[PDB]
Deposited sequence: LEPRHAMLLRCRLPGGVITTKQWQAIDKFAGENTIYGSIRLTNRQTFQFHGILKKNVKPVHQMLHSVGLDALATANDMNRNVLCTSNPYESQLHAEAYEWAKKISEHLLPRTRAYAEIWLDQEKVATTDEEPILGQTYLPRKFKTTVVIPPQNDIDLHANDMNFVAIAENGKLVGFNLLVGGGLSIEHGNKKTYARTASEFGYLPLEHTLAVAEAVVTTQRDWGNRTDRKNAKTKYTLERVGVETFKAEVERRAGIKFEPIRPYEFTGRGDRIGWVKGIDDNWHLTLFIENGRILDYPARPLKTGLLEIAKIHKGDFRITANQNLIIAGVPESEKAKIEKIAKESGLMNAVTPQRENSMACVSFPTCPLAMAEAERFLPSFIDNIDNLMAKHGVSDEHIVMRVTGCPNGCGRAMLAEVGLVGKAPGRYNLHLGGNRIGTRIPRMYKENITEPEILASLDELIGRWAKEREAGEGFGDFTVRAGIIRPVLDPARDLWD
């Protein structure tokens, strides 16, 4: 397995052509796997190719640079298209500022655990901020960014039956002018580095450090170290976490074509040459591609005149095959056969599972609707099921824990509803549950909120204390 450092998921067509080639020739699987952290992975690199892979990444200006700072995410397709550039420039700066000097920031012993950061452009939460340690929520005025609201402490990983572990959402620290960004970023990393419990790795994460010392205590140290005082949180709202599948207008005569790629797995399948179609678009595309946090790919900045050009290839290659709004809002992790920590299938199970969910949605007359549904192959939480309305957490081969209760924007953790059950048992529950939502839901009420309001599942109000029954 090889993964790239790709801030904000922006990758050029030239770099793309380089990855399509290597993946095709130098890997067992021969596929490109877009991750939900806006980057790519190769699966099955032969040890002889471990050298040419780094060279290949480098020749195109890429790198794979662990208990370090992971890919810094950034909202991929904002409604106010102009805001992307400075947000993306900031995600890129934070990423570079947090890189190891090989360690004034990381420390010699580095970090207790992996540190995850994001730049969010409301009203979109496609990057799923509550799954991350440090979050920069962009505040704009007159089309220019002016500062960031800082949310710290997100994390989703749990351990089966271990009430000492839990998923936690990020806490609000305050508003910081744009100039204090790197200082604040640096301060959060260092206090976590110092305060973070290093002995027990399962308790090293920031979400744990925050619960032990307290948000306000953590906050004061961040202000002390940063040389600033946080200002009050400035109003921000989210409306969803999905991608804008299809064409959307960008700035000027620019357009963006977000392609839905199931499981982010790019490979040529019989009659659906996804991998070649993307190579073909890469060769004629004026611009970049953007890897979304929903494992999809955006063909960004297509001049209005080139729309038909690109659409012809995407269409012919099966890259624009129509899916239901449900499939578009469902996610799973890689899991088998490559993940060594896998307990239950995820990526290889999602497709057929969703076929089943689509039938249920149809059967209840809600086929134009969607439920944020995610399947994670083990509790480490890579598929982000702990921020979904319906989350399936793998417990053993063919058995998952069923969580319900999250919401569409992902600001609530789903409590466990049923435990260690199989697919036919999972579907029987959802058949009934969807049946009720379809008939009892209020105007525009999501499935998650319904289960909570209808007394179907108690909400998780304070993860550290009431996540576990």
According to the entry, C-alpha coordinates are missing for deposited residues 1 to 7, 73 to 75, 113 to 130
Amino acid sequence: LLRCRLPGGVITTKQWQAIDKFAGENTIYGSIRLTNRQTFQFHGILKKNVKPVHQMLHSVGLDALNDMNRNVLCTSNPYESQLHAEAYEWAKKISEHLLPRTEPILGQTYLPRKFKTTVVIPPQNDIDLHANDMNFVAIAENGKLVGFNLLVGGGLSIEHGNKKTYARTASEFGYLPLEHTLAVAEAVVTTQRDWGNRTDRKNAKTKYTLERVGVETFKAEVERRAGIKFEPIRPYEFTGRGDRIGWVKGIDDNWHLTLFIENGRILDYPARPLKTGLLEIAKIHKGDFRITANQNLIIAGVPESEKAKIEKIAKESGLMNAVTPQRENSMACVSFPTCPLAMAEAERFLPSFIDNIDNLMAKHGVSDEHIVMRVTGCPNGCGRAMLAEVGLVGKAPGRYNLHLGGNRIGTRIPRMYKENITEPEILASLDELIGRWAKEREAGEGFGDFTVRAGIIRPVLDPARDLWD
From here on, numbers count along this sequence of modelled residues.
Among the other entries that model both neighbours of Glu179, does it go unmodelled in a third or more? no
Considering only other entries where residues before and after it are modelled, is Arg101 without coordinates in at least a third? yes
As the entry reports it, the stretch among 298 to 306 and 334 to 342 with higher mean C-alpha B factor is 298 to 306
With B-factors read from the PDB entry, the higher C-alpha mean of 423 to 431 and 396 to 404 is in 423 to 431
Per the deposited entry, the peak Cα B-factor within the set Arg241, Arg290, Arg272, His84 goes to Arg272
In this crystal structure's PDB entry, the residue among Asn125, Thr190, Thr206, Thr102 with the greatest CA B factor is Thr102
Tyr110: CA B-factor among chain residues, third -> highest
Temperature factor at the Cα of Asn66, chain-ranked in thirds, falls in the highest
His364: C-alpha B-factor third of its chain, per the entry, is the middle
Sorting the chain's modelled residues by C-alpha B-factor and splitting them into thirds places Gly391 in the lowest
Here the Cα B-factor of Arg225, set against its chain, lands in the third termed highest
